[PDB]
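Below: one structure, written as structure tokens.
Neighbour counts run over all protein chains shown; Cβ positions are idealised from the backbone, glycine included. Each value in this text was obtained by applying a stated rule to the coordinates, not by laboratory testing.
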Amino acid sequence: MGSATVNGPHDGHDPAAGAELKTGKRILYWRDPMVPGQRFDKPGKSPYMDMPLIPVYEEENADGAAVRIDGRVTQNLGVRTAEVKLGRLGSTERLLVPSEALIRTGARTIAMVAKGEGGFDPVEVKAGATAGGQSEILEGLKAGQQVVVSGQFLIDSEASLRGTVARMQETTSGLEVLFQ
Ligand SMILES: [Ag+]
């Protein structure tokens with residue numbers, strides 16, 4: 001048949017999230033072909049009939065069977081994010097995020113955090129540096145949380161690989177011993 005994913009991201013692509021199966025054709029929910037226009041919270045048997053619901057486009061994988069997210073898609077489609085994580089060593093450890101991720105106002109910063117529950121929430125954060133096309137979250141948020149950045153990356157697989165096939169604390173690499 002072919003792979004109908006020949007196109008990639010468009011302009012305005014902040015390289016924080018390429019969305020690998022968080023959009024496009026990944027299980028969003030279940031529907032009965034006799035109940036189109038509905039929105040079931042999750043798979044199961046139809047309440048209107050007694051048949052197992054039919055899955056959308058991809059049909060029964062998406063989160064790799066709980067490997068990924070808890071089968072919830074915290075992806076508002078037109079809104080991408082970037083996860084909080086420390087991006088320096090030796091330098092002064094700060095939470096690195098895309099410069100457009102945070103809200104600058106007055107003499108402080110706000111972050112609309114991507115909460116794991118599939119929602120977005122505003123947080124007052126300390127943010128005042130810029131480094132390498134990114135900004136520094138001095139204080140405010142924690143690693144493992146995300147912020148809204150509305151940009152796309154080329155291949156999101158690298159990022160996706162964290163948390164699915166890869167686990168471990170700090171999730172770092174090429175850092176066995178650090179003395180000198
Ligand atoms: Ag039916």
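Brief remarks follow.
- Among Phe40, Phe153, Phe120, residue whose mean-square fluctuation peaks in a GNM of the chain (springs only between Cα atoms under 10 Å): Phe40
- Across the range 81-160, Cα pairs under 8 Å and at least six residues apart give a relative contact order of 36 percent.
- Cβ-based exposure ranking for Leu86, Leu77, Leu53, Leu102, in which fewest neighbours within 10 Å come first: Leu77, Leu86, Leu53, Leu102
- Largest mean-square fluctuation among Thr130, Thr81, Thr105, in a Gaussian network model of the chain whose springs join Cα atoms under 10 Å apart, belongs to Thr105.
- Top of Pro52, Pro43, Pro15 by mean-square fluctuation, Gaussian network on the chain, Cα under 10 Å: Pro52
- The chain: C-alpha pair distances exceeding 25 Å, %: 45
- Near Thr171: Cβ cut-off under 9 Å, other residues only, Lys/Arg at +1 and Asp/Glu at -1. The net charge is +2.
- Entry note, the chain: relative contact order of 25 percent, from Cα contacts under 8 Å with a spacing of 6+ residues.
- For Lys85, residues with placed amide H under 5 Å, excluding near neighbours: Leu96
- Compactness of the range 81-160, expressed as Rg and Dmax over alpha-carbon positions, Å: 12.1, 37
- For the residue pairs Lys42/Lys85; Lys22/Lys142; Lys45/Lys85, alpha carbon separations beyond 29 Å are given by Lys42/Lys85; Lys45/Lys85.
- For the range 1-68, a simple Cβ point-charge model (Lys and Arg +1, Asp and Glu -1, everything else neutral) yields a dipole of about 140 debye relative to the Cα centre.
- Shown for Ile54, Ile69, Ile137: other C-beta atoms within 10 Å of each C-beta, ranked fewest to most, produce the order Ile54, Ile69, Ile137.
- Working note: 222 nm ellipticity from helices only, DSSP H runs with n ≥ 4, each -39,500 (n - 2.57), summed and divided by the residues of the chain, gives -500 deg cm²/dmol to the nearest 500.
- At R0 = 22 Å, FRET efficiency that the Cβ-Cβ distance of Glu117 and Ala4 yields, to 0.05: 0.10
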